[PDB]
Structures are given as structure tokens and as C-alpha cells.
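In what follows, a single structure is set out as C-alpha cells and then discussed.
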Amino acid sequence: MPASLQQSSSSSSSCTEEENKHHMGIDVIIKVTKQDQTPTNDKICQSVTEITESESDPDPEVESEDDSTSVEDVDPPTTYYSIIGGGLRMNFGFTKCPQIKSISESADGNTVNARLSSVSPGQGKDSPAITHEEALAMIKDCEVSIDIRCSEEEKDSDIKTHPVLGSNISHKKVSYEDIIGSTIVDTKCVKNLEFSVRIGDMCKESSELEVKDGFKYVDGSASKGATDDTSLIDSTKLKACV
Amino acid sequence: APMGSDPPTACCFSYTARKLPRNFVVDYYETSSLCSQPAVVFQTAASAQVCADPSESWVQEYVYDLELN
């Protein structure tokens, strides 16, 4: 009975009370349809590999940073991920975008989905908050890349019976902001591919701080279109891959 | 050695807005041609590959630099 009480002001305990502050997070749902050729593969949440640039300037791995001074002028690193599963290998590089703390996945039929997003305050995980200035600044530079490939690792699934932590944000229709960067897809194992992203407050929408983007990939046919990606996938069948 | 039928390929769909300093660019590669909308792709250190519009000078200068050293 942890009576230690997680304080209250903690960004992890609850939302802040500083009007000029918001809990900026991110949500990136994705639905991919397998080709009628690819073999069966339900083994989802096979594994996940988190990586990040040398960041700051602790010890550049053989000239991996500025190679010289590194105060705080400019030095934006990229967080990469390689969530394997569903016979597919999905990877994305978040640059200057909220820190993802929630990773889930699931399989249904000949398609597989993946929920990549940040955690809302009061979930047991950090969820920093900043001012509108830094918010508008981030939502602008924030860019996420993608590069799916055909896997074959028949390894087992590594999940946790612990419910998936949501960002409390909905993929409704709102201001359009080009956040999705490059998107490489090997037809060899991906017929369709829907992209949906969002960035805003995890406590309460703020319109200006709310934005969205996405595309529709079908049989090699792409198409930009801001639509209600709220039902794009069943947020219930999601499973934390740890 | 009969080439495949007509299997689509990787063709830039969108470019990154933020330019990644050379420090995070050890190599690069170009899309293809089967798509009348090519572009230049650059590699990094903690990512993989990311397309880039060749319409921006810095993208060209970056390529010219990798062509030499």
C-alpha cells in the first residue's frame, strides 16, 4: 500500500496548474496491410530497441557531434526505435519531438497496427510541461521519419499484462502541420499503409497547440487527406510490447 | 537470371524539414527512377535513412561534399 504519496505537483502525479504551461505529448498510430503473398505472422511485440544520438556532449563516439564546443546553442539528437513484430520491422526517428514512453502493438487478420505515443500526467511516468513559446517552437521543428521492412524473426512475443498508457489525446481533425518526414516502404511486404500523427496538450486541448497530419498509402497509391483517424484502429486491442 | 516482374520500389513520398548537420551524415544514397518524383536520401548515425528535397542548395552542397572527402 505505497502510502508514500507521489506528492502532487510532480508532472507524473497530475497536470500542472501554471496557466502558461502545458503537457505537450505526441501520438503516432499506423495501420499496415500485408500482401496476399507474405506468410502468416501474428507474433507481435517481438522486441523493441531504443536508441538515441550521443546527445548533449558526454563522449562523441569518434567525432559523432560538433567535435568541439557544445554549450547549448544547437545540438538536436534523434531517438530511433525498431519495434519488430507481425513479420514486419517498423522503425522511426523522432527528432525534437516529445519523449515517447508508450509502445504497443497488435495483429488482426492480414494487417498489424502500432501505437507510438507519450504518456499523460498521472500514469506513473514522467510527462514534462513547457510554455506556449517552446510548444509552438517544438510543434514546428518536430519531425518523425519512418522506414518499414520485411522481417522473418519467428521469435515469441514479449508483452506485459499491464494496460497501455494513452496520451489522452484524440486523433480528431484539427490544424494541419507537416510533421511526417521521410517514409520508405518495401512493397515486398506492405500493400497498404496509413499514417496518422498528432501533437497537443495531454491535459486539455488548446486548439493552437493542437495539430495533425497523415497520408493514405494503398497499392502504391499515396494521398494526403486530413480525416478523423479516431477509429483508424481499435485502441483496445493494443498490447504493450515493453 | 530472369529479372522479377514489376515489384514496386522505394520512392520518396515526403522530405524532412530539419537539416541534419554533417556530423550526423556519414553516407548517402539516391532513390530510383521508376518514380517520376525522385530525390536524394542521406544516412546518419542514430537513425538509418531519410529523404531530402534536392531543391535546397544545402542538400546539394552536402552531396558534393560526400562526393569528395
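Because the Cβ atoms are built from the backbone with ideal geometry, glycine has one as well, and the counts that use them run over all protein chains shown. Taken together, the values in this text are just the output of simple stated rules run on the coordinates, not laboratory data.
Annotation note: Cβ proximity below 7 Å between a residue of the range A:177-203 that is at the interface with chain B (Cβ under 9 Å from one of its Cβ atoms) and a residue that is part of a strand (DSSP E or B) and among the charged types (D, E, K, R) (sequence gap 6+ or interchain) occurs for A:178/A:213; A:179/A:143; A:179/A:213; A:180/A:213; A:181/A:143; A:184/A:147; A:186/A:149. Quick check, is residue A:241 in contact with a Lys or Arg (Cβ under 7 Å, 6 or more places away or on another chain) and under 18 Å from residue A:105 (Cα atoms)? For residue A:241, the condition - in contact with a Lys or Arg (Cβ under 7 Å, 6 or more places away or on another chain) and under 18 Å from residue A:105 (Cα atoms) - is not met. The set of residues in the range A:65-110 being within 24 Å of residue A:211 (Cα to Cα) and β-branched (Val, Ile, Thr) consists of A:78, A:79, A:95, A:100, A:103. The set of residues from the range A:61-98 being without any contact (Cβ under 8 Å) to a residue 24 or more places away in the chain and surrounded by 15 or more Cβ atoms within 10 Å (Cβ to Cβ) comprises A:64, A:65, A:66, A:70, A:75. Of everything listed in (1) charged (D, E, K, R); (2) over 21 Å from residue A:82 (Cα atoms); (3) assigned to a loop (DSSP other than H, G, I, E, B), the single unmet condition for residue A:152 is (2). With respect to (1) facing chain A (nearest Cβ under 8 Å); (2) loosely packed, with under 15 Cβ neighbours inside 10 Å; (3) within 24 Å of residue A:178 (Cβ to Cβ), the lone exception for residue B:16 is condition (2).
If the requirement is being at negative phi, buried (at least 18 other Cβ atoms within 10 Å of the Cβ), of a type in the set (A, V, I, L, M) and assigned to a strand (DSSP E or B), which of these qualifies: A:135, A:114? A:114 is the lone residue from the list that is at negative phi, buried (at least 18 other Cβ atoms within 10 Å of the Cβ), of a type in the set (A, V, I, L, M) and assigned to a strand (DSSP E or B). Scanning the range B:26-44 for residues that are surrounded by 20 or more Cβ atoms within 10 Å (Cβ to Cβ) and in a loop (DSSP other than H, G, I, E, B) yields a count of 2. For the range A:45-60, the set of residues classified as surrounded by 17 or more Cβ atoms within 10 Å (Cβ to Cβ) and in contact with a strand residue (DSSP E or B) (Cβ under 9 Å, 6 or more places away or on another chain) consists of A:45, A:46, A:53, listed by residue number.
Just one residue in the set A:76, A:98 is outside any strand (DSSP E or B) and within 14 Å of chain B (Cβ to nearest Cβ); that residue is A:76.
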